[PDB]
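**Student:** Next comes the structure file protein_31.txt, holding compact mmCIF, N, CA, C and O atoms.
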# COMPACT_ATOMS: atom_id res chain seq x y z
N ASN A 296 0.83 -1.20 0.00
CA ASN A 296 0.00 0.00 0.00
C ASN A 296 0.87 1.25 0.00
O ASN A 296 1.88 1.31 0.70
N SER A 297 0.46 2.24 -0.80
CA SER A 297 1.09 3.56 -0.83
C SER A 297 0.05 4.64 -0.57
O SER A 297 -1.08 4.57 -1.08
N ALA A 298 0.42 5.63 0.24
CA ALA A 298 -0.32 6.88 0.35
C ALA A 298 0.62 8.06 0.12
O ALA A 298 1.79 8.02 0.50
N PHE A 299 0.08 9.12 -0.49
CA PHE A 299 0.87 10.31 -0.80
C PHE A 299 -0.01 11.55 -0.67
O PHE A 299 -1.20 11.52 -1.01
N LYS A 300 0.59 12.63 -0.17
CA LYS A 300 -0.06 13.93 -0.08
C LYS A 300 0.94 15.00 -0.49
O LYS A 300 2.12 14.91 -0.15
N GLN A 301 0.46 16.02 -1.21
CA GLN A 301 1.27 17.19 -1.52
C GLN A 301 0.43 18.45 -1.43
O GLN A 301 -0.77 18.44 -1.74
N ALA A 302 1.05 19.54 -0.99
CA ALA A 302 0.42 20.86 -1.03
C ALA A 302 1.49 21.91 -1.31
O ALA A 302 2.37 22.13 -0.47
N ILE A 303 1.42 22.54 -2.48
CA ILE A 303 2.35 23.60 -2.87
C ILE A 303 1.56 24.90 -3.03
O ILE A 303 0.71 25.00 -3.92
N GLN A 304 1.84 25.88 -2.18
CA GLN A 304 1.36 27.25 -2.35
C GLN A 304 2.53 28.12 -2.80
O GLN A 304 3.65 27.96 -2.32
N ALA A 305 2.25 29.06 -3.71
CA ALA A 305 3.26 30.03 -4.10
C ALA A 305 2.58 31.37 -4.37
O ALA A 305 1.39 31.44 -4.65
N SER A 306 3.38 32.43 -4.28
CA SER A 306 2.96 33.78 -4.66
C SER A 306 4.13 34.52 -5.30
O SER A 306 5.29 34.27 -4.97
N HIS A 307 3.80 35.42 -6.22
CA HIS A 307 4.72 36.45 -6.69
C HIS A 307 3.99 37.79 -6.73
O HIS A 307 3.11 37.99 -7.57
N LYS A 308 4.36 38.69 -5.83
CA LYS A 308 3.88 40.07 -5.84
C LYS A 308 4.94 40.99 -6.41
O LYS A 308 6.13 40.83 -6.13
N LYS A 309 4.50 41.97 -7.21
CA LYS A 309 5.38 43.03 -7.70
C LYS A 309 4.64 44.36 -7.69
O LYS A 309 3.57 44.49 -8.29
N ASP A 310 5.21 45.35 -6.99
CA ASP A 310 4.59 46.64 -6.76
C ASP A 310 5.61 47.74 -7.05
O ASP A 310 6.78 47.60 -6.71
N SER A 311 5.16 48.82 -7.68
CA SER A 311 6.05 49.91 -8.05
C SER A 311 5.29 51.22 -7.98
O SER A 311 4.06 51.25 -8.04
N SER A 312 6.04 52.31 -7.86
CA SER A 312 5.49 53.65 -8.05
C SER A 312 6.53 54.57 -8.67
O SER A 312 7.74 54.36 -8.54
N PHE A 313 6.03 55.60 -9.35
CA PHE A 313 6.85 56.68 -9.87
C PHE A 313 6.11 57.99 -9.65
O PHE A 313 4.88 58.03 -9.73
N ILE A 314 6.85 59.06 -9.38
CA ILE A 314 6.24 60.37 -9.16
C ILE A 314 7.24 61.43 -9.59
O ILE A 314 8.42 61.35 -9.23
N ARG A 315 6.78 62.42 -10.35
CA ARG A 315 7.64 63.48 -10.86
C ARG A 315 6.90 64.81 -10.85
O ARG A 315 5.69 64.86 -11.10
N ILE A 316 7.63 65.88 -10.55
CA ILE A 316 7.07 67.22 -10.45
C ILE A 316 8.02 68.20 -11.13
O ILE A 316 9.25 68.04 -11.05
N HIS A 317 7.46 69.20 -11.80
CA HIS A 317 8.22 70.37 -12.27
C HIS A 317 7.34 71.60 -12.08
O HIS A 317 6.53 71.94 -12.95
N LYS A 318 7.50 72.26 -10.94
CA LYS A 318 6.68 73.41 -10.58
C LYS A 318 7.55 74.66 -10.54
O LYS A 318 8.63 74.65 -9.96
N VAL A 319 7.07 75.73 -11.18
CA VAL A 319 7.83 76.97 -11.32
C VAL A 319 6.98 78.11 -10.76
O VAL A 319 5.84 78.31 -11.19
N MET A 320 7.56 78.87 -9.83
CA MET A 320 6.88 79.97 -9.16
C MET A 320 7.62 81.28 -9.46
O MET A 320 8.66 81.56 -8.86
N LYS A 321 7.09 82.06 -10.40
CA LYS A 321 7.56 83.42 -10.58
C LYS A 321 7.09 84.28 -9.42
O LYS A 321 5.96 84.13 -8.94
N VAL A 322 7.95 85.19 -8.96
CA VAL A 322 7.60 86.05 -7.84
C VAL A 322 7.90 87.52 -8.08
O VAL A 322 7.35 88.37 -7.37
N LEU A 323 8.75 87.88 -9.04
CA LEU A 323 8.81 89.27 -9.47
C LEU A 323 9.17 89.32 -10.94
O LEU A 323 9.69 88.36 -11.50
N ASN A 324 8.83 90.44 -11.57
CA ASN A 324 9.23 90.71 -12.94
C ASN A 324 9.87 92.09 -12.99
O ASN A 324 9.62 92.94 -12.14
N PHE A 325 10.66 92.32 -14.04
CA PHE A 325 11.30 93.61 -14.25
C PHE A 325 11.33 93.93 -15.74
O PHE A 325 11.32 93.03 -16.58
N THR A 326 11.37 95.23 -16.04
CA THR A 326 11.74 95.74 -17.35
C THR A 326 12.78 96.84 -17.18
O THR A 326 12.56 97.79 -16.44
N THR A 327 13.90 96.68 -17.90
CA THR A 327 14.96 97.68 -17.97
C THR A 327 14.57 98.86 -18.87
O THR A 327 13.90 98.68 -19.89
N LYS A 328 14.98 100.06 -18.47
CA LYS A 328 14.85 101.22 -19.34
C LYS A 328 15.57 100.98 -20.66
O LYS A 328 16.52 100.20 -20.75
N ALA A 329 15.11 101.67 -21.71
CA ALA A 329 15.72 101.56 -23.03
C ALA A 329 16.96 102.43 -23.20
O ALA A 329 17.81 102.11 -24.04
N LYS A 330 17.09 103.52 -22.45
CA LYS A 330 18.13 104.50 -22.70
C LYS A 330 18.67 105.06 -21.39
O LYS A 330 18.13 104.81 -20.32
N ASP A 331 19.81 105.74 -21.50
CA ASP A 331 20.56 106.34 -20.39
C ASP A 331 20.99 105.32 -19.34
O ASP A 331 21.25 105.67 -18.19
N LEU A 332 21.07 104.04 -19.71
CA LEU A 332 21.45 103.01 -18.77
C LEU A 332 22.83 103.31 -18.19
O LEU A 332 23.77 103.63 -18.93
N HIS A 333 22.95 103.21 -16.87
CA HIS A 333 24.20 103.48 -16.16
C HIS A 333 25.00 102.18 -16.05
O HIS A 333 24.63 101.28 -15.30
N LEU A 334 26.10 102.11 -16.79
CA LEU A 334 26.93 100.91 -16.81
C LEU A 334 27.69 100.74 -15.49
O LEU A 334 27.96 101.70 -14.77
N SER A 335 28.02 99.49 -15.18
CA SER A 335 28.91 99.19 -14.07
C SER A 335 30.34 99.60 -14.38
O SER A 335 30.79 99.58 -15.52
N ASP A 336 31.07 99.98 -13.32
CA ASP A 336 32.40 100.54 -13.49
C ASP A 336 33.40 99.52 -14.03
O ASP A 336 34.34 99.91 -14.73
N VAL A 337 33.23 98.24 -13.72
CA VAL A 337 34.12 97.22 -14.27
C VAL A 337 33.90 97.04 -15.77
O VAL A 337 34.85 96.93 -16.55
N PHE A 338 32.64 97.14 -16.21
CA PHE A 338 32.35 97.08 -17.64
C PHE A 338 32.80 98.36 -18.34
O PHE A 338 33.36 98.32 -19.44
N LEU A 339 32.49 99.51 -17.75
CA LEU A 339 32.95 100.77 -18.30
C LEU A 339 34.46 100.81 -18.45
O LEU A 339 34.99 101.26 -19.47
N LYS A 340 35.19 100.34 -17.43
CA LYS A 340 36.65 100.25 -17.51
C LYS A 340 37.11 99.28 -18.59
O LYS A 340 38.10 99.55 -19.29
N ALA A 341 36.41 98.16 -18.77
CA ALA A 341 36.77 97.25 -19.85
C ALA A 341 36.57 97.88 -21.22
O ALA A 341 37.43 97.76 -22.10
N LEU A 342 35.44 98.56 -21.42
CA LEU A 342 35.22 99.28 -22.67
C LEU A 342 36.27 100.37 -22.90
O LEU A 342 36.83 100.47 -23.99
N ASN A 343 36.54 101.18 -21.88
CA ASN A 343 37.53 102.24 -22.02
C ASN A 343 38.91 101.69 -22.36
O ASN A 343 39.66 102.31 -23.12
N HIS A 344 39.26 100.53 -21.81
CA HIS A 344 40.57 99.95 -22.09
C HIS A 344 40.68 99.36 -23.49
O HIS A 344 41.80 99.07 -23.93
N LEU A 345 39.57 99.16 -24.20
CA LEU A 345 39.63 98.55 -25.52
C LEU A 345 40.48 99.38 -26.49
O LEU A 345 40.41 100.62 -26.48
N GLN B 150 43.85 69.75 -5.69
CA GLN B 150 43.75 70.46 -4.42
C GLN B 150 43.91 71.95 -4.70
O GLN B 150 44.70 72.35 -5.57
N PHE B 151 43.16 72.76 -3.97
CA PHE B 151 43.42 74.20 -3.94
C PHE B 151 44.74 74.49 -3.23
O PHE B 151 45.01 73.97 -2.14
N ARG B 152 45.56 75.32 -3.86
CA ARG B 152 46.84 75.74 -3.34
C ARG B 152 46.72 77.15 -2.77
O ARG B 152 45.61 77.63 -2.50
N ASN B 153 47.85 77.83 -2.57
CA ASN B 153 47.87 79.06 -1.79
C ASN B 153 47.33 80.25 -2.58
O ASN B 153 47.10 80.20 -3.78
N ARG B 154 47.16 81.36 -1.84
CA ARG B 154 46.60 82.61 -2.33
C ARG B 154 47.43 83.23 -3.46
O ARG B 154 48.55 83.68 -3.24
N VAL B 155 46.86 83.26 -4.66
CA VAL B 155 47.51 83.81 -5.83
C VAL B 155 47.00 85.21 -6.16
O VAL B 155 47.78 86.10 -6.48
N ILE B 156 45.69 85.42 -6.09
CA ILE B 156 45.05 86.69 -6.44
C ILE B 156 44.60 87.40 -5.17
O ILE B 156 44.10 86.76 -4.24
N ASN B 157 44.81 88.71 -5.13
CA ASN B 157 44.22 89.57 -4.10
C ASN B 157 42.75 89.80 -4.41
O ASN B 157 42.41 90.57 -5.31
N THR B 158 41.87 89.14 -3.66
CA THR B 158 40.43 89.25 -3.83
C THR B 158 39.80 90.44 -3.11
O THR B 158 38.57 90.55 -3.10
N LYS B 159 40.60 91.32 -2.49
CA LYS B 159 40.05 92.37 -1.64
C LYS B 159 40.65 93.74 -1.93
O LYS B 159 40.62 94.62 -1.07
N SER B 160 41.20 93.94 -3.13
CA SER B 160 41.59 95.28 -3.58
C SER B 160 40.33 96.03 -4.00
O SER B 160 39.83 95.85 -5.11
N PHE B 161 39.83 96.89 -3.12
CA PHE B 161 38.58 97.61 -3.36
C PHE B 161 38.74 98.79 -4.30
O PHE B 161 37.73 99.34 -4.76
N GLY B 162 39.97 99.21 -4.60
CA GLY B 162 40.18 100.29 -5.55
C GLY B 162 39.54 101.60 -5.18
O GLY B 162 39.26 102.42 -6.05
N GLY B 163 39.29 101.83 -3.89
CA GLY B 163 38.56 103.00 -3.44
C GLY B 163 37.10 103.05 -3.79
O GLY B 163 36.45 104.06 -3.52
N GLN B 164 36.55 102.00 -4.39
CA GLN B 164 35.11 101.94 -4.64
C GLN B 164 34.36 101.50 -3.38
O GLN B 164 34.90 100.79 -2.53
N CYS B 165 33.11 101.93 -3.28
CA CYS B 165 32.17 101.42 -2.29
C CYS B 165 31.14 100.53 -3.00
O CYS B 165 29.96 100.87 -3.12
N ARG B 166 31.62 99.38 -3.46
CA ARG B 166 30.81 98.43 -4.23
C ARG B 166 30.06 97.48 -3.29
O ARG B 166 30.44 96.33 -3.08
N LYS B 167 28.98 97.99 -2.70
CA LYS B 167 28.11 97.17 -1.87
C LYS B 167 27.29 96.20 -2.73
O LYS B 167 26.82 96.56 -3.81
N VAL B 168 27.11 94.98 -2.23
CA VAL B 168 26.05 94.08 -2.68
C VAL B 168 25.26 93.60 -1.47
O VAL B 168 25.85 93.22 -0.45
N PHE B 169 23.94 93.58 -1.59
CA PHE B 169 23.11 92.90 -0.61
C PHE B 169 23.01 91.42 -0.97
O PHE B 169 22.61 91.07 -2.08
N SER B 170 23.38 90.56 -0.02
CA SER B 170 23.45 89.13 -0.30
C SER B 170 22.08 88.49 -0.48
O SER B 170 21.99 87.44 -1.11
N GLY B 171 21.03 89.09 0.08
CA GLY B 171 19.70 88.54 -0.06
C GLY B 171 19.54 87.26 0.72
O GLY B 171 18.88 87.23 1.76
N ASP B 172 20.13 86.18 0.21
CA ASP B 172 20.62 85.12 1.07
C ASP B 172 21.59 85.71 2.09
O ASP B 172 22.32 86.66 1.80
N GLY B 173 21.60 85.15 3.29
CA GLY B 173 22.42 85.69 4.36
C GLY B 173 21.98 87.04 4.87
O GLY B 173 22.45 87.46 5.94
N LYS B 174 21.10 87.74 4.16
CA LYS B 174 20.45 88.95 4.66
C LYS B 174 21.45 89.96 5.21
O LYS B 174 21.25 90.55 6.27
N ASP B 175 22.55 90.16 4.48
CA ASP B 175 23.61 91.07 4.90
C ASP B 175 24.20 91.77 3.68
O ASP B 175 24.02 91.32 2.54
N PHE B 176 24.90 92.87 3.92
CA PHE B 176 25.61 93.60 2.87
C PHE B 176 27.09 93.26 2.92
O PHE B 176 27.69 93.24 4.00
N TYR B 177 27.67 92.99 1.76
CA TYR B 177 29.09 92.68 1.63
C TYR B 177 29.75 93.63 0.64
O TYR B 177 29.12 94.08 -0.33
N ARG B 178 31.02 93.92 0.87
CA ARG B 178 31.81 94.78 -0.01
C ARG B 178 32.63 93.92 -0.96
O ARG B 178 33.52 93.18 -0.53
N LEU B 179 32.35 94.02 -2.26
CA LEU B 179 33.16 93.34 -3.25
C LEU B 179 34.42 94.15 -3.55
O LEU B 179 34.47 95.36 -3.36
N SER B 180 35.43 93.45 -4.05
CA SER B 180 36.57 94.15 -4.62
C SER B 180 36.13 94.96 -5.83
O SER B 180 35.09 94.71 -6.44
N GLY B 181 36.95 95.95 -6.18
CA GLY B 181 36.64 96.82 -7.29
C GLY B 181 36.72 96.15 -8.65
O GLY B 181 36.10 96.63 -9.60
N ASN B 182 37.45 95.04 -8.75
CA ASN B 182 37.73 94.43 -10.04
C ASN B 182 37.03 93.11 -10.31
O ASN B 182 37.08 92.63 -11.45
N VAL B 183 36.38 92.50 -9.32
CA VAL B 183 35.73 91.21 -9.56
C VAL B 183 34.60 91.39 -10.57
O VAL B 183 33.77 92.30 -10.45
N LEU B 184 34.58 90.53 -11.60
CA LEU B 184 33.60 90.70 -12.67
C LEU B 184 32.19 90.38 -12.19
O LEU B 184 31.24 91.07 -12.57
N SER B 185 32.02 89.36 -11.36
CA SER B 185 30.74 89.23 -10.68
C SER B 185 30.87 88.39 -9.43
O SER B 185 31.80 87.59 -9.29
N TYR B 186 29.93 88.57 -8.51
CA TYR B 186 29.77 87.70 -7.35
C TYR B 186 28.30 87.68 -6.96
O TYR B 186 27.75 88.73 -6.63
N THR B 187 27.66 86.51 -7.00
CA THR B 187 26.20 86.45 -6.88
C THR B 187 25.81 85.30 -5.97
O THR B 187 26.56 84.34 -5.79
N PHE B 188 24.60 85.40 -5.39
CA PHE B 188 24.21 84.53 -4.29
C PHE B 188 22.90 83.78 -4.54
O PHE B 188 22.21 83.43 -3.59
N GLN B 189 22.52 83.52 -5.79
CA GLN B 189 21.39 82.63 -6.01
C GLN B 189 21.81 81.19 -5.68
O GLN B 189 22.94 80.79 -5.92
N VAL B 190 20.86 80.43 -5.12
CA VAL B 190 21.13 79.14 -4.50
C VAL B 190 20.64 78.01 -5.40
O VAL B 190 19.58 78.13 -6.03
N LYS B 191 21.41 76.92 -5.45
CA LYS B 191 20.91 75.67 -6.03
C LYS B 191 21.13 74.50 -5.08
O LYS B 191 22.07 74.49 -4.29
N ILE B 192 20.23 73.51 -5.14
CA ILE B 192 20.34 72.31 -4.33
C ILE B 192 20.15 71.09 -5.22
O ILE B 192 19.30 71.09 -6.11
N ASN B 193 20.96 70.06 -4.99
CA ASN B 193 20.79 68.76 -5.65
C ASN B 193 20.84 67.64 -4.63
O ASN B 193 21.75 67.60 -3.80
N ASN B 194 19.86 66.73 -4.70
CA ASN B 194 19.81 65.55 -3.84
C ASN B 194 19.61 64.31 -4.72
O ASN B 194 18.80 64.34 -5.65
N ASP B 195 20.36 63.24 -4.44
CA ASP B 195 20.16 61.93 -5.04
C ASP B 195 20.14 60.87 -3.94
O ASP B 195 21.12 60.76 -3.19
N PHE B 196 19.05 60.09 -3.86
CA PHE B 196 19.01 58.87 -3.05
C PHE B 196 19.06 57.63 -3.94
O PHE B 196 18.39 57.57 -4.98
N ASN B 197 19.87 56.65 -3.55
CA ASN B 197 19.79 55.26 -4.02
C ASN B 197 19.64 54.20 -2.93
O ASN B 197 20.66 53.74 -2.40
N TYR B 198 18.40 53.90 -2.53
CA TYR B 198 18.09 52.73 -1.70
C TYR B 198 18.03 51.45 -2.52
O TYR B 198 17.45 51.43 -3.61
N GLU B 199 18.64 50.39 -2.01
CA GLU B 199 18.60 49.08 -2.67
C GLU B 199 18.73 47.99 -1.61
O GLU B 199 19.63 48.04 -0.78
Rewrite the structure of this file - the entire thing - as C-alpha cells.
**Tutor:**
Amino acid sequence: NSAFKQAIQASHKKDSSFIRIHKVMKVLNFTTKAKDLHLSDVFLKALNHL
Amino acid sequence: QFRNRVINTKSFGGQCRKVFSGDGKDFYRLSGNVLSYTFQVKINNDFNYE
C-alpha cells in the first residue's frame, strides 16, 4: 500500500510607483529702461581699455 | 587640491561696491575688479536605496 499527499502554495507580488514634479513659481518681474542706462564701473573700464 | 593665495580678492580700488546678499540677509563689499559675485542658491539631492 502507498499513500501520498502534496500541497504547494506560491505567490509572486510586484509593486512599483513613480512620481515626478516640475513646478515653477515666478515672484517678481522687471523691465529695464531703453536709454541712459548706467553701466557698471568694471564694464565701463573694460570698454575704455579697448 | 586648492593651493595658496595667488590673487588679491580684496583690492577695493577705493570703490564702495556694496552688494546685498539677499541670502544671508547682509551687505558685503566686493573688490573693485571682480567681474561678478552672486548669491542665487541651487540644491541637488540623489538617493539610491537598494
**Student:** Between atom CA of residue B:172 and atom C of residue B:191, what is the spacing in Å?
**Tutor:**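 Taking atom C of residue B:191 as the start and atom CA of residue B:172 as the end point, the length is 12.3 Å.
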**Student:** Using all atoms listed in the file, find the residues of chain B whose closest atom to chain A is at most 7 Å away, then write them as a ChimeraX atom specification.
**Tutor:** /B:181-184
**Student:** Include N, CA, C and O atoms and write out the residues we just selected as a short mmCIF file (atom, residue, chain, number, x, y, z; two decimals), in the coordinates of the input.
**Tutor:**
data_model
loop_
_atom_site.label_atom_id
_atom_site.label_comp_id
_atom_site.auth_asym_id
_atom_site.auth_seq_id
_atom_site.Cartn_x
_atom_site.Cartn_y
_atom_site.Cartn_z
N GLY B 181 36.95 95.95 -6.18
CA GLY B 181 36.64 96.82 -7.29
C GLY B 181 36.72 96.15 -8.65
O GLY B 181 36.10 96.63 -9.60
N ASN B 182 37.45 95.04 -8.75
CA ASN B 182 37.73 94.43 -10.04
C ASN B 182 37.03 93.11 -10.31
O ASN B 182 37.08 92.63 -11.45
N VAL B 183 36.38 92.50 -9.32
CA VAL B 183 35.73 91.21 -9.56
C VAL B 183 34.60 91.39 -10.57
O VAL B 183 33.77 92.30 -10.45
N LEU B 184 34.58 90.53 -11.60
CA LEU B 184 33.60 90.70 -12.67
C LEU B 184 32.19 90.38 -12.19
O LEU B 184 31.24 91.07 -12.57
#
**Student:** Give the strand (DSSP E) residues of stretch 163-195 of chain B, as DSSP finds them on the backbone, and put them as a PyMOL selection string.
**Tutor:** chain B and resi 167-169+176-178
**Student:** I'd like the interatomic distance between atom CA of residue A:323 and atom N of residue B:171, to a tenth of an Å.
**Tutor:**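 Computing the Euclidean distance for atom CA of residue A:323 and atom N of residue B:171 yields 15.5 Å.
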**Student:** Suppose you want the space between atom O of residue B:186 and atom CA of residue B:167; what is it in Å?
**Tutor:** 9.7 Å
**Student:** Which polymer residues have any atom within 5 Å of an atom of residue B:161, counting only N, CA, C and O atoms, with same-chain residues fewer than 2 positions away left out, as a list in words?
**Tutor:**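 Contacts, in chain order: residues 159, 163, 164, 179, 180 and 181 of chain B.
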**Student:** Box in all listed atoms of stretch 320-332 of chain A, axis-aligned, with 6 Å more on each side; write out centre and edge lengths in Å to one decimal as AutoDock Vina command-line options.
**Tutor:**
--center_x 14.9 --center_y 92.6 --center_z -15.7 --size_x 29.8 --size_y 39.5 --size_z 28.7
**Student:** Would you please give, as number ranges by chain, all residues of chain A that DSSP assigns to alpha helix (DSSP H) based on the backbone?
**Tutor:** A: 336-344
**Student:** Which residue out of B:153, B:165, B:160, B:170 has the minimum interatomic distance to residue B:189 when all atoms listed in the file are used?
**Tutor:**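 That would be B:170, the residue with the smallest distance to residue B:189.
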